[PDB]
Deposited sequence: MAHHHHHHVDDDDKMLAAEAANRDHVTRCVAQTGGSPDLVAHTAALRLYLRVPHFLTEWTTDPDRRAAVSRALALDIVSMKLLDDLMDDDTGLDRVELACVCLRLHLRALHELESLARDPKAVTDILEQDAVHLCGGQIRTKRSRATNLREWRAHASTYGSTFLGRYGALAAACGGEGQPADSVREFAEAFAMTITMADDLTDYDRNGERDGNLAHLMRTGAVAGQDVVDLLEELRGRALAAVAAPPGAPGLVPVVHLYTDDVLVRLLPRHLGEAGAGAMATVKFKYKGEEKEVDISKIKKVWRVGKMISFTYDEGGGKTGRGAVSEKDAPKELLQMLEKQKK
C-alpha cells in the first residue's frame, strides 16, 4: 500500500461523495458525469491533507474540500455559460455542494469560526481578482502570473488554510498554504497549455512570441522550489516531493514543446 494507492482511493472516495451529493439534490446524469470528470479538482484535496496523520480525519477533510472545490468549479461553469448544461441545475447543485462543505468543514474545525474567517479574509482579493482577470487579458508573463495568483494561487491557498484548520493541531498552516499557492500556479499553467487546443492564454502568448519559453521554464522552476521548501517546513510532508516533481516535469517535458 504505497502513496499512489492512498491517492487513488482518496480520489475515488471524493468523486463518490460529490456524485452522491449531486444526484440526491436533483442533478441530471449529464451534470453528475461532468462532476465525476473533474479529475485533478477531486485529487488535489488529497495533496492538501498530506499533513493530516489521523486517516479517518484526513478522508473526511479531503471529501469536504472536494465538495467546495467542485461547487466553485460549477459557479465558474455558470459564469462562462459554455458547457451546454442546464443553468438551473448548475446553480442549485453549486449551492447544495457548498453548503454541505461548510457543514462538513465546520464539524471538523478546532474552531468552527475559522472556516468563515479563511473564506472572508481574502474573499475580495479572490472575487475582485476574477473580475479583473476576465476584463483585461494578459499580454506578457508578468500580467499572466498576476492574474493566475488570484483564480489559481489564492483559490487553492484558501483550501490549504482550511485543510490546516480542520486537519488537527501541529500542521504548519503557513507552509500548507504556501504549498497550495505554488502547486496551484504549476497546475494553472498546465491547464492553460492543455485548454488552448481543447485571449490572455499563456499558450497563445507563447505561440505569438509575447512570452519566451525560457521565462516559462524559470517560473516553473521557481514554483517547484517554492513547493519543495513549503513541504520541508516542520513537521514536513515528504509524500508531496514526488507530486511537485510529477506535475512540474509534465509541464516542461509534455506541454511546453506543444507551444515552442
**Request:** Compare the deposited sequence with the modelled residues and state the ranges that are missing C-alpha positions.
**Result:** 1-8, 207-210, 273-343
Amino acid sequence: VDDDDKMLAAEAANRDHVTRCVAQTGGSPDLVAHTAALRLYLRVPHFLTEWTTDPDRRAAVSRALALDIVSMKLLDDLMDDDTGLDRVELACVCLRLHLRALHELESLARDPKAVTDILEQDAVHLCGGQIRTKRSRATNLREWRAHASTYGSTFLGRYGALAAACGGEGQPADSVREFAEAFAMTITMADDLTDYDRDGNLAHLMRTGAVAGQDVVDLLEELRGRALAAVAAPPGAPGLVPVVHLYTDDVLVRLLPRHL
From here on, numbers count along this sequence of modelled residues.
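Think of the rigid core as the biggest set of C-alphas that the two forms share within 1.5 Å after superposition.
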**More shifted region, core-based fit in 6 other deposited structures of this protein, 181-189 vs 168-176 by CA** = 168-176
**Request:** Check the entry's C-alpha temperature factors for 133-141 and 150-158, then say which stretch has the higher mean.
**Result:** 133-141
**Request:** Between 165-173 and 124-132, point out the one with the higher average CA B-factor as the PDB entry records it.
**Result:** 165-173
**Fill in**
In this crystal structure's PDB entry, the residue among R58, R224, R43, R207 with the greatest CA B factor is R207
**Asked** Based on the PDB record, which member of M79, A101, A91, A114 exhibits the highest Cα temperature factor?
**Response** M79
**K73 - which third its CA temperature factor falls in, relative to the rest of the chain** = lowest
**Fill in**
The third of the chain into which the C-alpha temperature factor of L255 falls is the lowest
**Message:** What third of the chain does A203 rank in for C-alpha temperature factor, lowest, middle or highest?
**Reply:** highest
**Chain thirds of CA B-factor: placement of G27** = lowest
**Asked** Split the chain's modelled residues into thirds by Cα B-factor; is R110 in the lowest, middle or highest one?
**Response** highest
